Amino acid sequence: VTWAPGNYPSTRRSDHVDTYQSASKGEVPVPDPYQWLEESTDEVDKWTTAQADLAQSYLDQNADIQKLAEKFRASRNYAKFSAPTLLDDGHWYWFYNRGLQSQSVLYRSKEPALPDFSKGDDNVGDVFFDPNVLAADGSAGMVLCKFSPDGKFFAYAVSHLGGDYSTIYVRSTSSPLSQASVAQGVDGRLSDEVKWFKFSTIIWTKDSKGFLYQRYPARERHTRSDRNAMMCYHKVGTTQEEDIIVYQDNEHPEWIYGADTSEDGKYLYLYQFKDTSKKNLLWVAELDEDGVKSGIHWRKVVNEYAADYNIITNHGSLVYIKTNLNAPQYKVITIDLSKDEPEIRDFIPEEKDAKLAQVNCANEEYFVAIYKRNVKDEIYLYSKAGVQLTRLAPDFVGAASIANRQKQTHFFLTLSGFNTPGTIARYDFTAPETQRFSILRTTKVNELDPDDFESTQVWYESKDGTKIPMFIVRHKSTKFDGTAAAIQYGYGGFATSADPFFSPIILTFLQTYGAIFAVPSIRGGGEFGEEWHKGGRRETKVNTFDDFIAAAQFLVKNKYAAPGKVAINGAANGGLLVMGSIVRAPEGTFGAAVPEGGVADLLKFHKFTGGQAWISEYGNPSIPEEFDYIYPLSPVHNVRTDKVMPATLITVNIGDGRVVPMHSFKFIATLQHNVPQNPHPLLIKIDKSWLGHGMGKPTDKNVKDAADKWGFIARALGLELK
């Protein structure tokens, strides 16, 4: 009912001890007094209720949270839309959100012509597929979808609250799903029901008769682990009992699979992955009149784990592939399958100082390429002969992506950044030269003016001398004079790049309080290719934390931010980053900390759900040499009694299947035990709605959770509303 120092809920300490092997020390007994917080019991429910009530009572003292909620709701209340796609029926299809809807709605053009979108989405299109009505009570979400190549069918993956897998349904594209259609008649879908779908997409064959998908074994209620994956094929207009097993491997039950089909109908491709590193196998089958069947003959083109290989397209037996083989910034190769021993050659060579992030074939023979140089995307068009023809959108600063179908005479680019809400560009091959590139739509926001904000990139030095760039965003009236507060974000792993992105919530906060936003490109990410990742993983993981701490220290030292006013935030691996940073950094480096759904027990992560796959990133705690570098880094095992911690709000969702909430529960119990008299509050907020696989929360709930996180940060850094 009321927070003060030393007023935390009583938390039983058990006598559980685990024994590990260390290469340098031999046997190490490790106490785990909060092992019981791994479980789901009455005692755990009482403990979570008491923590969550303590956190809510503290937030209730802060009258600025309700004001932030109103500011944030308004900042998100503007229409949003995707790039459109032309199907073989001659009509264009795009997603549209009115502003605050929980799931966006798939629209279809009224006429078979590219709409003039300035007239408004409802005047040029009608509803084709509204995912909000999948269940009457809103408890069902569409996680992904794919139209067939001929445009006649629409496949869609659905999750429900409480569920660990998705289910694929199929419907005719002339049978829409709307409020009106559900009130007036039957659903209008086929009886097809493809269950146990996970960690996959939907890959149609070019004859439009069916699709490939990954599934797991059927499981009765009476544990939580996904093994023995199967790549399968489902024929449209049949039931799942008739689905074909395309590939599985009982000798390697942890491996998983992906697939692709070539545009000309000639090839089926199989990808295999052994863990979360960027290494895959690649096998190739030739299709014929018999289609997809059991006993497919596989040519094992890549059959050892060594590099990342992803198919772009083919012309006859020449196959174009994006790879990092001997090329950590990536490149394009060709593999010629007409030879018995395939001949491998560079098509677009590796750029030493820019990462090849994406390549698509457009208008049958051209290639569109996105390079990421200094964490900023650049777009180029190439000929069939591999000649760089031109740069597109040369003044754009941010992140970019391509949307097209190989056979068509246009493509789109979707562009966004720290002050670019969402621009959709079109390139039309049939128009005159000099009139091919144009802007289809621009996203207009609410209350905010993106021109009021300056985004720059600066460089700092890490502990070992390494030079690291960092994005900084401010409202233009804020000075770098040692007085502003800073919010610093990070992820730090798995070769994921911390790219620019647009958030109306972040910019609203910066303008409200005169704070700055900082995004350092720390090692472990993929900003500078595979060597950047290698610089912060397994035995070099410590560098990720050193880089993040040095960024915060640089902000204060060079007067971007005031001493003691740097707050840090991150999610999942980003939560690990925040929790490890508060433990390792000197006292007073940070003024607030918010880890969301984070990893924290680095000795037991591999014992739960899909954690085994992350041995690629963190190492294996049961190998003696690797224990020696993991143990000194595990946040749960390195909390001390003698360092003041900053104000901390841990957040978790109770149904999280990817990162079990165990991790956060153990960290917060350990904090409260070790520094019970800490002058700043150490709290955990626990959401008890059990989210289904791949589902988000409702919009209204996301607005409220954002007001709580940002209001907590504001108060901890001593910021007031004017």
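The numbering used is simple: start at 1 and walk along the sequence shown.
Where residue 222 is followed by residue 223 in the displayed chain, the model omits 1 to 3 of the deposited residues that sit between the two.
Relative to one another, 277-285 and 236-244 have unequal mean CA B-factors, and 236-244 is the one with the higher figure. Taking the PDB entry as given, 287-295 carries the higher mean Cα B factor of the two stretches 287-295 and 342-350.
Within the listed group 123, 334, 512, 553, the record reports its top CA B-factor for 123. Note on 161, 600, 498, 270: the highest value goes to 161, judged by CA B factor as recorded. Ranked by Cα temperature factor within the chain, residue 252 sits in the highest third according to the deposited record. The entry lists a Cα temperature factor for residue 196 that places it in the middle third of the chain's modelled residues. The deposited CA B-factor of residue 609 belongs to the highest third of values across its chain. When the CA B factors of the chain's modelled residues are split into thirds, the value for residue 690 lands in the highest one. Residue 704: CA B factor lies in the middle third for its chain, per the PDB record.
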